[PDB]
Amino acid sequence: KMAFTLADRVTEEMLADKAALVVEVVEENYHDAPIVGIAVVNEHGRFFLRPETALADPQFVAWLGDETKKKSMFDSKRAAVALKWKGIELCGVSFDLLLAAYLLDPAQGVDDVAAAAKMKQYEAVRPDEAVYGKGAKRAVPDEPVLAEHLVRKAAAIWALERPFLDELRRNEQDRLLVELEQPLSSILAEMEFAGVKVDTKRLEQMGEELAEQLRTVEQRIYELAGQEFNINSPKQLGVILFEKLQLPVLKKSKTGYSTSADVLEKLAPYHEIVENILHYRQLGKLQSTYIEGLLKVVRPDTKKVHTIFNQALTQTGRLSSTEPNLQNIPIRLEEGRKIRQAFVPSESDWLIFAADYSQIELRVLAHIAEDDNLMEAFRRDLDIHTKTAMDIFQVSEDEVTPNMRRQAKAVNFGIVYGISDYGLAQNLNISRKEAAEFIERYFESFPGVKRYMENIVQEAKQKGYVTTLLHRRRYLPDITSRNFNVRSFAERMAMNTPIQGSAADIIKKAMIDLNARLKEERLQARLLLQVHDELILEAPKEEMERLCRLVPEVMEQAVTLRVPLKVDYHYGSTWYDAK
């Protein structure tokens, strides 16, 4: 039973200039969510404060907002945002244990203080799940149990700062935490708090039109099946397709017959039901995920969505977005793309501005591999897909057919995402053998990329990990494995992580640089979203001309590589038009 004071007023000794601070928000989505308790651990002792006491106290609030009063926390964005919703600024967070643990080993899955603490053999803190329960049973416990938990977390943070900072420094990652991930966390908190405005009326009428289309196609499907069934059930659809209608089984899943879109495309010539099922799937995906899904998470009082960015989840250093996920809004097919008409500026006479890197991953690869051919291509700002086709097929530019370019683009995509030869075969509907031939032909044209791929797998084997441009790390113990599939995956991750992770590093740096530049230039423009290689802002219409120059330049100059970086940009009345 750890010693602490259950204070019922704030005292001067709670406001020391260095502390471990816990501002506890138990709800998974922390927007406008309750703070259930506060703990402070510092040189003078350990303290628990009730939030209705602490957050109405002027000296405590001034302390929270004083940048010169340093705090160590876990998941400081959660606390910062919950506080933003109460009109209180949190400053001076000089160490975030969540981001520290994430940098030290993203594969650990650290999502509470106890998981971080276990990495340094500190176990005097319970997992959050043990205290709050899980799922339906999730609940805030009685004050004594809650208070001891928060104080134990704060005490762990206080104890663990030094050993985490020492390891970060041995890894050359201390500047990564302090100059990149922590400042980024503040920027993301502002982006989430600002939110993106949604034209719910547009979304609703789209939903009405979709529902009408769904009803028509659903009926057509039952007619063609001679029967009603749940079209959304791959199992029931499987019985209709493969048993009642006797279509060939081209592919199986673990548990049954495949009904994936690519399989269905190949069955379309056998039966009219198939094209109708494909149409149903496309419409139903839009309706259920995009329209019903978005509408459910728009806040009714401001008509905004406030995503939460997970900065401490992916193995590559990429951001993730939830509730809603705004990184997978349709764009490829026009029907789906219209969804983006519903994302609008939050003020009148404002516009949406979007800026994206052009081929950042292959440009990073050019730089890291020093491949002379690939570097020359980007120095000439060539269409990289056409140029790759010309090299692999050994033809002139005017002999590149559309299919040749599509296949080259597929090879390039494979390189950017670290897909296997099986994956490539699958993506191009060709044999594994032919895919191996493509890949081999690629390495003959880009021998420096071949050399990089060989060298980085050996490096991963020797060191145990690979690193990105800004010193992010991914451990790959699977690389040795005697299981071929397990090992091959590890090798692909060794190849791909420095590409994808360096691209992540760059855009994170761009974000930091951009936020600083916007303030220096006294613009009202604000950052709303990041979608891997693009940044989405809204600004007064009078700022567009300046942003057209400023944003690409900041992004382009974020790092200096052996090849240029190139940023394209667009703006308009909705995210759709920012194209």
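Note that the rigid core is defined as the largest set of C-alphas that superpose within 1.5 Å between two forms. The numbering used is simple: start at 1 and walk along the sequence shown.
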When the rigid core is fixed in 5 other deposited structures of this protein, C-alphas move more for 222 to 230 or 120 to 128; answer is 222 to 230
Out of 417 to 425 and 246 to 254, which shows the greater rigid core-aligned C-alpha deviation in 5 other deposited structures of this protein? 417 to 425
Mean CA temperature factor from the deposited coordinates, higher in 310 to 318 or in 437 to 445? 437 to 445
The stretch carrying the higher mean Cα B factor in the deposited entry, 427 to 435 or 116 to 124, is 427 to 435
At the C-alpha atoms, which of 534, 52, 553, 543 reaches the highest B-factor in this entry? 52
Maximum C-alpha temperature factor, selected from 327, 467, 359, 216: 216
Relative to the other modelled residues of the same chain, rank the CA B-factor of residue 246 and answer lowest, middle or highest third. highest
For residue 332, the third of its chain into which the C-alpha B factor falls: highest
CA B-factor ranking of residue 372, expressed as a third of its chain: middle
Considering only modelled residues of the same chain, in which third does the CA B-factor of residue 105 rank: lowest, middle or highest? middle
Comparing against every modelled residue in the chain, figure out the third that the C-alpha B-factor of residue 477 lands in (lowest, middle or highest). middle
